[PDB]
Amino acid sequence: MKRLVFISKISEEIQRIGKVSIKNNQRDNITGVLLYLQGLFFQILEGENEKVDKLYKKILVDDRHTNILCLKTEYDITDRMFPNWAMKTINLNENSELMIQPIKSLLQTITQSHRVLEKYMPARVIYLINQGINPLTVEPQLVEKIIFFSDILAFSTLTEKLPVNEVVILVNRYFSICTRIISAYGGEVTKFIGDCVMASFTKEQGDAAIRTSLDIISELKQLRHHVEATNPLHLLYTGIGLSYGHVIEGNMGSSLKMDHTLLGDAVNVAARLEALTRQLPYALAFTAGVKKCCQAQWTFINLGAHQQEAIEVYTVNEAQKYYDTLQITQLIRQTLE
């Protein structure tokens, strides 16, 4: 058998949910409980492994709730936790009694706090937590990654002139755009380094990594002529480095502070290729290793060898600029005065 636990955010209607679960959970011989408290669901489900999983994939796509996080998975259990409840619904709001109110209030406060912490988490950890894996004890492994690096053109002159709030508005907008597109193509964001976005793709995701690069460049171009001139967003440009190689993926740090990152020379290479694009007529630079993972009929352009042994640099025709890097940089400064 098998048992999992998840939480989710909602979007008499819950009564239609439990009427169903009961019938289907006997049809497939399942038990568990559904709690509702302050617009959040909590569910425990237990039963034969194939039957419990056929159900939770159905649950994942139910549009009655969002931001689903599976906290816990127990494999090959032997004793059910609620053998007599096909699916028991406990509306924790209807309960007004004294002795459940403390536990009611704490469940609310921990889970809400929890939901806030989730947004500062490494995507990989949240993924591990969903798959039942313990992030703190997982063993760091050597994996093959495409490494992605993007940051803001002449950002230090954007921070130089704008007031703090426009800086933040601008950085957050940049980060929204980057992560939405990376995540849509199947990449994972590793972390933010100042103005920089570090991500990874798999070795079957070369095309998706170039497409990600071009799309970001594209949305920033549209964004610049969508807004008025006096909007700092009018001044937002990026350059993107891709590398490929082996990296160590895992957790690092002491008891008092943990991080779940990627170590390996390819990390440095993508960052240097990213910075290389400030001297290139292209916004995207990548290695030959990235090119090998690319199946699509890209028009690859060779930018020669660069720097402790030199490496070959490539780009695609679609990453060409219609601007000069020191032109944009003096233009940014002239605008802000």
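Quick note: we count residues from 1 along the sequence shown, nothing fancier.
- The entry shows an unbroken chain from residue 299 to residue 300, with no unmodelled residues of the deposited sequence in between.
- The stretch of deposited sequence separating residue 327 from residue 328 contains no residues lacking coordinates in this entry.
- Of the two stretches examined, 109 to 117 and 72 to 80, the record assigns the greater average C-alpha temperature factor to 72 to 80.
- The PDB entry reports B-factors from which the mean C-alpha value can be compared for 270 to 278 and 63 to 71; the larger average falls on 63 to 71.
- The entry assigns its greatest Cα B factor, within the set 170, 216, 100, 164, to 100.
- In the PDB entry, the Cα temperature factor peaks, among 150, 96, 243, 222, at 96.
- For residue 55, the recorded CA temperature factor ranks within the highest third of the chain's modelled residues.
- Split the chain's modelled residues into thirds by C-alpha temperature factor. Residue 159 is in the highest one.
- Annotation for residue 320: C-alpha temperature factor in the middle third relative to the rest of the modelled chain, per the entry.
- Among the modelled residues of the chain, residue 44 sits in the middle third by CA temperature factor in this PDB entry.
- Ranked by C-alpha B-factor against the other modelled residues of its chain, residue 229 falls in the middle third.
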